[PDB]
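Asks: Just passing along the structure, written as structure tokens.
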Amino acid sequence: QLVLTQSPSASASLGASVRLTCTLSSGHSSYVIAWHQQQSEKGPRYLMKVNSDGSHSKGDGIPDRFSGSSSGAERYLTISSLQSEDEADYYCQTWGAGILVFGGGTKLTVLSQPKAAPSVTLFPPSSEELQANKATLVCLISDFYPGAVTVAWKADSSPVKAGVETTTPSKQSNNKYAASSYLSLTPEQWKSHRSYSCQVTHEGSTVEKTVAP
Amino acid sequence: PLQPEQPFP
Amino acid sequence: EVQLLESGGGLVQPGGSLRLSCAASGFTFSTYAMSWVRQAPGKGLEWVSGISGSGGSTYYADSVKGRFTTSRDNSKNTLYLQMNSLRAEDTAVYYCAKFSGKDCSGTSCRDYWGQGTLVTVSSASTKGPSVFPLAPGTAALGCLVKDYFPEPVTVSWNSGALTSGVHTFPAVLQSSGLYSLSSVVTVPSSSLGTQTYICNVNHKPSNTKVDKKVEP
């Protein structure tokens, strides 16, 4: 059966080069494959085709940094001078009789990127939502790298865990990460305490913002 | 085998 | 150049039906076979179907055979995918795509993708969002888009006139099963009394369109 084998992940350093490998199952060693790039929350982008003599048919605007090559049943995509934007999922794809076949995709991580402290904005419940007999605290976290944070909410000083919903960080167009945390309260609790706080912790350092009625 | 020119002729 | 634009995605009950369209432009539609590819959340690309340039031959992955149908109209330059007997695991973004094969031999050997459209197969029903303002050298203000299902929600500011400083955050999926997101804009602290700020929230699955004014 026609199968394409890709490792799930790959990594290399900023400014360095990386080689991604797609292997055809035995008996299809002469087949043409295509490389497709998919950045997070985007649709795929065709890069090029690679047959046994290497060769290409690069898509529009594909950088020279991107190139393809071939050896036996293996097909390669090489990206030199890696940039943050090169972090993506890379799929190889081929076809047979009346079928298309995709590899499982390889997630490329570009190492050695600059650390960035999170920017944090904290909003209190809107007036309109309090006359709707609800109350939401909104903590917006952006421009941080790497993409991992822990959030801590405090009713004054006592920490509060109930009513917390927090996203997984995702990479924004500025190539830094964003996330947000929501604290649900009764309008009673919002008015009872002298303040509430959102503490974001990123690489051992904590940024805190606070709001009060 | 050999791959056809086109998967969906 | 080539353009492929999907439409018709949305929320469907299990066992229900839905038809997707793909409007194509920039090439002679009938000279190329057209494909459907889908992607379940957090999973890889999965081939769904292909159809010959003439429309004379259709091809399906086993995962959809006997339930999905593909067709095309070579005067409207449109590709179709008709889904019946939908299942929860058919939930995915569905991409329209054009794969060239071996001819071609330069730029004609390129492949092309559409933008995708989201199909949700679930017994959960639609819910429109409630929208709340977020007040107040620069100031930050935004809109809270609370308790909706399913994705997506679009947010603009002043009907497209305000684009710089705008950051619309990814939605949180609450344990209730409903989404919430926020869209924030950074503005000079001087135009706060001069400039008017309205967020335009639109949630197509529920026909919800909200314009919310944000004041200090």
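We label chains A, B, ... in the order they appear in the structure tokens, count residues from 1 in each chain, and number ligands from 1 in the order shown.
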What residues in chain B have any atom no more than 6 Å from chain A when counting only C-alpha atoms, and can you write them as a PyMOL selection string?

Replies: chain B and resi 3+7-8

Asks: Name the residues in contact with residue 64 of chain C at a cut-off of 10 Å, using only C-alpha atoms, excluding same-chain residues fewer than 6 positions from it; report them as a list in words.

Replies: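 The residues that qualify are residues 47, 48, 49, 83, 84, 85, 86 and 90 of chain C.
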
Asks: Quick one: everything within 9 Å of residue 9 of chain C, counting only C-alpha atoms, minus sequence neighbours fewer than 3 positions away in the same chain. Send it as a list in words.

Replies: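 The contact residues come out as residues 6, 18, 19, 20, 21, 93, 94, 116, 117, 118, 119 and 120 of chain C.
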
Asks: Nearest residue to chain C out of A:171, A:202, A:209, A:75, using only C-alpha atoms?

Replies: A:171

Asks: Would you kindly return, as a PDB file with N, CA, C and O atoms, in the first residue's frame, each protein, DNA or RNA residue with an atom no farther than 10 Å from any atom of residue 171 of chain C, considering only C-alpha atoms and excluding same-chain residues fewer than 4 positions away?

Replies:
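File produced: out.pdb:
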ATOM      1  N   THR A 166      -8.854  29.148  31.166  1.00  0.00           N
ATOM      2  CA  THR A 166      -7.621  29.691  30.604  1.00  0.00           C
ATOM      3  C   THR A 166      -7.274  28.972  29.308  1.00  0.00           C
ATOM      4  O   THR A 166      -7.318  27.740  29.245  1.00  0.00           O
ATOM      5  N   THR A 167      -6.941  29.748  28.279  1.00  0.00           N
ATOM      6  CA  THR A 167      -6.583  29.196  26.983  1.00  0.00           C
ATOM      7  C   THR A 167      -5.176  28.601  27.012  1.00  0.00           C
ATOM      8  O   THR A 167      -4.365  28.890  27.895  1.00  0.00           O
ATOM      9  N   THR A 168      -4.902  27.760  26.026  1.00  0.00           N
ATOM     10  CA  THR A 168      -3.534  27.389  25.714  1.00  0.00           C
ATOM     11  C   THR A 168      -2.890  28.497  24.883  1.00  0.00           C
ATOM     12  O   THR A 168      -3.530  29.039  23.980  1.00  0.00           O
ATOM     13  N   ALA A 179      -2.466  34.527  25.189  1.00  0.00           N
ATOM     14  CA  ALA A 179      -3.379  33.680  25.940  1.00  0.00           C
ATOM     15  C   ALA A 179      -4.267  34.594  26.767  1.00  0.00           C
ATOM     16  O   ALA A 179      -4.000  35.789  26.908  1.00  0.00           O
ATOM     17  N   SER A 180      -5.324  34.018  27.325  1.00  0.00           N
ATOM     18  CA  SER A 180      -6.231  34.810  28.137  1.00  0.00           C
ATOM     19  C   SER A 180      -6.870  33.919  29.189  1.00  0.00           C
ATOM     20  O   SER A 180      -7.047  32.714  28.985  1.00  0.00           O
TER      21      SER A 180
ATOM     22  N   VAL C 145     -16.860  38.829  24.153  1.00  0.00           N
ATOM     23  CA  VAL C 145     -17.779  38.049  23.330  1.00  0.00           C
ATOM     24  C   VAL C 145     -18.004  36.731  24.060  1.00  0.00           C
ATOM     25  O   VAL C 145     -17.248  35.770  23.878  1.00  0.00           O
ATOM     26  N   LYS C 146     -19.057  36.676  24.875  1.00  0.00           N
ATOM     27  CA  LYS C 146     -19.219  35.651  25.898  1.00  0.00           C
ATOM     28  C   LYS C 146     -20.252  34.613  25.480  1.00  0.00           C
ATOM     29  O   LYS C 146     -21.302  34.959  24.930  1.00  0.00           O
ATOM     30  N   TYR C 148     -20.742  31.561  23.399  1.00  0.00           N
ATOM     31  CA  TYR C 148     -21.283  31.247  22.083  1.00  0.00           C
ATOM     32  C   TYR C 148     -20.833  29.860  21.640  1.00  0.00           C
ATOM     33  O   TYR C 148     -19.871  29.292  22.164  1.00  0.00           O
ATOM     34  N   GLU C 151     -17.710  27.984  17.027  1.00  0.00           N
ATOM     35  CA  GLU C 151     -16.820  28.877  16.297  1.00  0.00           C
ATOM     36  C   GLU C 151     -17.297  28.936  14.842  1.00  0.00           C
ATOM     37  O   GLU C 151     -17.958  28.012  14.371  1.00  0.00           O
ATOM     38  N   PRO C 152     -16.970  30.017  14.120  1.00  0.00           N
ATOM     39  CA  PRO C 152     -16.151  31.159  14.526  1.00  0.00           C
ATOM     40  C   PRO C 152     -16.938  32.433  14.836  1.00  0.00           C
ATOM     41  O   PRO C 152     -18.144  32.521  14.596  1.00  0.00           O
ATOM     42  N   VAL C 153     -16.230  33.411  15.389  1.00  0.00           N
ATOM     43  CA  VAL C 153     -16.720  34.771  15.555  1.00  0.00           C
ATOM     44  C   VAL C 153     -15.737  35.712  14.875  1.00  0.00           C
ATOM     45  O   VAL C 153     -14.519  35.566  15.028  1.00  0.00           O
ATOM     46  N   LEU C 178     -19.256  26.115  25.794  1.00  0.00           N
ATOM     47  CA  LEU C 178     -19.402  27.357  25.053  1.00  0.00           C
ATOM     48  C   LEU C 178     -18.086  28.124  25.010  1.00  0.00           C
ATOM     49  O   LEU C 178     -17.251  28.018  25.913  1.00  0.00           O
ATOM     50  N   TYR C 179     -17.916  28.903  23.948  1.00  0.00           N
ATOM     51  CA  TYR C 179     -16.712  29.688  23.745  1.00  0.00           C
ATOM     52  C   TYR C 179     -16.878  31.105  24.281  1.00  0.00           C
ATOM     53  O   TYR C 179     -17.989  31.623  24.426  1.00  0.00           O
ATOM     54  N   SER C 180     -15.742  31.733  24.571  1.00  0.00           N
ATOM     55  CA  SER C 180     -15.691  33.163  24.823  1.00  0.00           C
ATOM     56  C   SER C 180     -14.372  33.677  24.275  1.00  0.00           C
ATOM     57  O   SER C 180     -13.353  32.989  24.364  1.00  0.00           O
ATOM     58  N   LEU C 181     -14.391  34.887  23.720  1.00  0.00           N
ATOM     59  CA  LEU C 181     -13.161  35.545  23.306  1.00  0.00           C
ATOM     60  C   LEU C 181     -13.262  37.023  23.644  1.00  0.00           C
ATOM     61  O   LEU C 181     -14.317  37.527  24.041  1.00  0.00           O
ATOM     62  N   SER C 182     -12.145  37.717  23.465  1.00  0.00           N
ATOM     63  CA  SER C 182     -12.085  39.157  23.641  1.00  0.00           C
ATOM     64  C   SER C 182     -11.262  39.747  22.508  1.00  0.00           C
ATOM     65  O   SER C 182     -10.315  39.126  22.018  1.00  0.00           O
ATOM     66  N   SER C 183     -11.644  40.946  22.088  1.00  0.00           N
ATOM     67  CA  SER C 183     -10.911  41.697  21.081  1.00  0.00           C
ATOM     68  C   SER C 183     -10.545  43.037  21.692  1.00  0.00           C
ATOM     69  O   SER C 183     -11.423  43.760  22.168  1.00  0.00           O
TER      70      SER C 183
END

Asks: Using only C-alpha atoms, pick whichever of C:173, C:102, C:205, C:216 has the shortest atom-to-atom distance to residue 140 of chain C.

Replies: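 When distances to residue 140 of chain C are compared using only C-alpha atoms, the smallest one comes from C:216.
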
Asks: Atom CA of residue 53 of chain A and atom CA of residue 68 of chain A are how many Å apart?

Replies: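 Computing the Euclidean distance for atom CA of residue 53 of chain A and atom CA of residue 68 of chain A yields 10.1 Å.
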
Asks: If we count only C-alpha atoms and set the cut-off at 10 Å, which residues sit around residue 25 of chain A, ignoring sequence neighbours fewer than 3 positions away in its own chain? Please answer as a list in words.

Replies: residues 1, 2, 3, 4, 5, 22, 28, 29, 73 and 74 of chain A

Asks: Given the selection you just returned, output its residues as a file containing N, CA, C and O atoms, formatted as a PDB file, in the first residue's frame.

Replies:
ATOM      1  N   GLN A   1       0.831  -1.202   0.000  1.00  0.00           N
ATOM      2  CA  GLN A   1       0.000   0.000   0.000  1.00  0.00           C
ATOM      3  C   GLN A   1       0.867   1.255   0.000  1.00  0.00           C
ATOM      4  O   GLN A   1       1.933   1.290   0.618  1.00  0.00           O
ATOM      5  N   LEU A   2       0.391   2.283  -0.698  1.00  0.00           N
ATOM      6  CA  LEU A   2       1.112   3.546  -0.784  1.00  0.00           C
ATOM      7  C   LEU A   2       0.991   4.307   0.532  1.00  0.00           C
ATOM      8  O   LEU A   2      -0.113   4.671   0.951  1.00  0.00           O
ATOM      9  N   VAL A   3       2.121   4.527   1.196  1.00  0.00           N
ATOM     10  CA  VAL A   3       2.172   5.175   2.502  1.00  0.00           C
ATOM     11  C   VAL A   3       3.339   6.156   2.514  1.00  0.00           C
ATOM     12  O   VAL A   3       4.409   5.862   1.970  1.00  0.00           O
ATOM     13  N   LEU A   4       3.135   7.323   3.128  1.00  0.00           N
ATOM     14  CA  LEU A   4       4.202   8.291   3.365  1.00  0.00           C
ATOM     15  C   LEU A   4       4.494   8.383   4.857  1.00  0.00           C
ATOM     16  O   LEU A   4       3.576   8.575   5.660  1.00  0.00           O
ATOM     17  N   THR A   5       5.771   8.262   5.221  1.00  0.00           N
ATOM     18  CA  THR A   5       6.203   8.220   6.617  1.00  0.00           C
ATOM     19  C   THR A   5       6.951   9.500   6.964  1.00  0.00           C
ATOM     20  O   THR A   5       8.016   9.767   6.402  1.00  0.00           O
ATOM     21  N   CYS A  22      10.537  12.749   4.098  1.00  0.00           N
ATOM     22  CA  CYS A  22       9.343  11.980   3.774  1.00  0.00           C
ATOM     23  C   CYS A  22       9.797  10.709   3.069  1.00  0.00           C
ATOM     24  O   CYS A  22      10.521  10.781   2.070  1.00  0.00           O
ATOM     25  N   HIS A  28       7.254   2.191  -4.317  1.00  0.00           N
ATOM     26  CA  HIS A  28       6.820   3.465  -4.874  1.00  0.00           C
ATOM     27  C   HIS A  28       7.980   4.452  -4.865  1.00  0.00           C
ATOM     28  O   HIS A  28       7.782   5.664  -4.754  1.00  0.00           O
ATOM     29  N   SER A  29       9.200   3.926  -4.996  1.00  0.00           N
ATOM     30  CA  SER A  29      10.436   4.685  -4.837  1.00  0.00           C
ATOM     31  C   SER A  29      10.670   5.715  -5.937  1.00  0.00           C
ATOM     32  O   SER A  29      11.565   6.552  -5.788  1.00  0.00           O
ATOM     33  N   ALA A  73      13.974   6.012  -1.824  1.00  0.00           N
ATOM     34  CA  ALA A  73      12.577   6.184  -1.449  1.00  0.00           C
ATOM     35  C   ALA A  73      12.337   7.426  -0.605  1.00  0.00           C
ATOM     36  O   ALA A  73      11.190   7.685  -0.228  1.00  0.00           O
ATOM     37  N   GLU A  74      13.378   8.194  -0.298  1.00  0.00           N
ATOM     38  CA  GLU A  74      13.277   9.330   0.605  1.00  0.00           C
ATOM     39  C   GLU A  74      13.220  10.640  -0.173  1.00  0.00           C
ATOM     40  O   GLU A  74      13.932  10.819  -1.166  1.00  0.00           O
TER      41      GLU A  74
END

Asks: Once you count only C-alpha atoms, which residues of chain C turn out to be within 7 Å of chain B? Could you give them as a ChimeraX atom specification?

Replies: /C:33,50-52,101-103

Asks: Enumerate, as number ranges by chain, the complete set of residues in segment 1-196 of chain A that a backbone-based DSSP assignment places in alpha helix (DSSP H).

Replies: A: 127-131, 187-192

Asks: Identify which of the residues A:212, A:10, A:183, A:178 lies closest to chain C, counting only C-alpha atoms when measuring atom-to-atom distances.

Replies: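 Looking only at the distances to chain C, the closest residue turns out to be A:178.
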
Asks: Chain C residues within 6 Å of chain A, counting only C-alpha atoms: which ones, as a list in words?

Replies: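 Applying the cut-off to the listed atoms yields residues 44, 106, 110, 111, 115 and 172 of chain C.
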
Asks: Those residues you just picked out, can you put them in a file as a PDB file, in the first residue's frame with N, CA and C atoms?

Replies:
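Resulting contents of out15.pdb:
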ATOM      1  N   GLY C  44      -4.020  15.501  11.339  1.00  0.00           N
ATOM      2  CA  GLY C  44      -3.380  15.744  10.064  1.00  0.00           C
ATOM      3  C   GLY C  44      -4.373  15.929   8.932  1.00  0.00           C
ATOM      4  N   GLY C 106       6.030  23.637 -15.583  1.00  0.00           N
ATOM      5  CA  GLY C 106       6.571  24.638 -14.691  1.00  0.00           C
ATOM      6  C   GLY C 106       5.511  25.068 -13.702  1.00  0.00           C
ATOM      7  N   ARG C 110       2.124  23.518 -10.202  1.00  0.00           N
ATOM      8  CA  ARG C 110       1.822  23.962  -8.848  1.00  0.00           C
ATOM      9  C   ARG C 110       0.491  23.397  -8.374  1.00  0.00           C
ATOM     10  N   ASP C 111       0.352  23.285  -7.055  1.00  0.00           N
ATOM     11  CA  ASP C 111      -0.912  22.952  -6.419  1.00  0.00           C
ATOM     12  C   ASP C 111      -1.469  24.174  -5.699  1.00  0.00           C
ATOM     13  N   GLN C 115      -9.195  28.284   1.528  1.00  0.00           N
ATOM     14  CA  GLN C 115      -9.054  28.780   2.889  1.00  0.00           C
ATOM     15  C   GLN C 115      -9.682  27.862   3.927  1.00  0.00           C
ATOM     16  N   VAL C 172     -11.508  30.927  24.422  1.00  0.00           N
ATOM     17  CA  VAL C 172     -11.434  29.857  25.409  1.00  0.00           C
ATOM     18  C   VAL C 172     -12.638  28.943  25.233  1.00  0.00           C
TER      19      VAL C 172
END

Asks: Find the residue from C:159, C:208, C:202, C:13 that sits nearest to residue 122 of chain C; use only C-alpha atoms when measuring.

Replies: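 With only C-alpha atoms as the atom set, the closest residue is C:13.
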